[PDB]
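First, one chain by itself in structure tokens, the form deposited in one PDB entry.
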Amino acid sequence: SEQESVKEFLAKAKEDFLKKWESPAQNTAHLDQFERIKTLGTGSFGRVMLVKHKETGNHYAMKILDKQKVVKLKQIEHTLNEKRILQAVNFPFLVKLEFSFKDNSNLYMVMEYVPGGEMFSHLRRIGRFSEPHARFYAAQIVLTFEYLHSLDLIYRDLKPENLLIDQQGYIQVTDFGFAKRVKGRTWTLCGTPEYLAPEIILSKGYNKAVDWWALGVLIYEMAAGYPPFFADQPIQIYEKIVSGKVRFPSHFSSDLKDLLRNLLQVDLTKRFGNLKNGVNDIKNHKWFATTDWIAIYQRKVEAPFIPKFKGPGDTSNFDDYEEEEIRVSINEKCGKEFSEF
């Protein structure tokens, strides 16, 4: 009964997703319609900027990708996935893509600006979250993965850096740069070293269970203040990941440790989230016994904290990055590669 209504919700959610999946939205827009305010994040082929839309005064977070760098780093399909998926999803804990466009040089995804900053910065600052606090965030990720996986979407980059804290103290998942729609198995080596499942490292065909592994890492990191597998060199991190060995801080409850042993299960076929009972093994776990799943979805649970809000356009919750020019070439770069964008 509790389950039939979940089933109902999911079927409806799929209907909606497919309508947008099958005919993606397209805009319409130019870089010169925006004032750049601050770089919020950078990477090897793009960056994220706080911008103000001049005509309306609206603030947005604009992901800007350099087409030539995308192509050179063979990320074409991934950027296409990211735009197509983000425009089609609709869920309380997923960042909203407002619109997308492209010009001669760049691809643009204009998201709702979440001024609260990354969970990563808040976690690092406080040191660690209490189990009730970690559980509040974890429950939102569980619901979000239940949503995503029913749509055959694998997220593939869970980490506190990608979890924005909104003005209600709830999560907004951002960065769909590695998300993929795929039934069954996929093979790409992608993600973040500390968060990689063993089967990604071992170069196997892997599935949605990698997202549940990643949830184990996240819960561990939220509650300990550091990830379960760390070392100086990536190779050293990978050896630890595939070993089947993980130590817990002495303050972890026995219920938490039991959940983590089942999420950080190196054998994907025994990993929670990936057994016959699917997500319900997780949702029914003793560690989540006090979680009101529907109250979480409805945002009715008092959040552990609400980020300091200094008005529209405040960036105090983000780190400073070196501000670099955004170039727009006279000539169109990589036209055919990005025609579906």
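Between two forms, the rigid core is the largest collection of C-alphas that superpose within 1.5 Å. In this text, residue numbers run from 1 along the sequence as written.
In what follows, reference is made to the form deposited in another entry, a form of this protein that is not presented.
Engineer: Would you mind telling me which residue of 275, 296, 303, 29 shifts its Cα by 2 Å or more between the shown form and the other one when the core is superposed?
Structural biologist: Of all the options, the C-alpha that shifts by at least 2 Å belongs to 29.
Engineer: Rigid core fitted, is the C-alpha displacement of residue 15 between the shown form and the other one 2 Å or more?
Structural biologist: The answer is no; the displacement is under 2 Å.
Engineer: In the other entry, do the Cα atoms of residue 28 and residue 92 sit closer or farther apart than here, given a shift of 3 Å or more?
Structural biologist: Compared with the shown chain, residue 28-residue 92 is closer in the other entry.
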